[PDB]
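Only one chain is shown below, in structure tokens, and it's the form deposited in one PDB entry.
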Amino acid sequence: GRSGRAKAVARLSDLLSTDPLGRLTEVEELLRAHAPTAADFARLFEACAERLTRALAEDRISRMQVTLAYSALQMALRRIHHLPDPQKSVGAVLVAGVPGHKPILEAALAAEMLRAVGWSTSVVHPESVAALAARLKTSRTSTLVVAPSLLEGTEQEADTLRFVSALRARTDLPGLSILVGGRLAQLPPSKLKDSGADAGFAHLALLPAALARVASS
């Protein structure tokens, strides 16, 4: 019940840290019960990721183990949430990772949340800024969501800043709206504007709120 709810983050983190593939059914069971929407899944995943990050920092688990956990989460996600891309759409959006990073689960969750509220969505894990710009132009998409890697280190922040700057430095993407997450979105809001992003989502589950703000202005 709500007892189950209170225990979900701890139970999931344990399962993911020990035998994620062998106990994948239990992982799925917990997420089925406590993640009725992709936004709920995002809240639970991000909480677990903080715990896994700390465990890795204290050497209680290895990067290999985090990799197994992440694969199991991806499998669990696809057993539960897989919305059609909406045909009656409020707009088009592209979710991308930063070159040199693989936010596969985070980008998938971003796409689920955006599809759930009516956005026609595509997802790209681009090789470069140029390749991403090409995809934006071909799909005629003017809104870009940069998916953060919750289980990768702080080098991604400077990488994302260089990424956003590089995008803004171009002249072939006029009017592009850019949303960023992770640590960059957690700064005081005044700092956010300098980076070149139009809005930040401080947690993955706050992405719809951020997109709604950008779409308004």
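Residue numbers here begin at 1 and follow the sequence given. In this text, rigid core is short for the largest set of C-alphas that superpose within 1.5 Å between two forms. Residues that one form lacks are left out of the comparison.
This next part talks about the form deposited in another entry, which is not shown.
Undergrad: Would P188 count as moving between this form and the one not shown, using a Cα shift of 2 angstroms or more after superposing the core as the test?
TA: It does shift by 2 Å or more.
Undergrad: Core aligned, does the CA of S149 move at least 2 Å between this form and the one not shown?
TA: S149 C-alpha, core-superposed: shift of less than 2 Å.
Undergrad: Please check whether, in the other entry, the CA atoms of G153 and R54 lie closer or farther apart than here, given a change of 3 Å or more.
TA: The answer is farther, because the C-alphas of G153 and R54 separate from each other in the other entry by 3 Å or more.
Undergrad: Looking only at residues found in both forms, which runs of 3 or more have C-alpha shifts of at least 2 Å between this form and the one not shown after a core fit?
TA: After superposing the rigid core, the shifted stretches between this form and the one not shown are 3 to 6, 152 to 156, 187 to 191.
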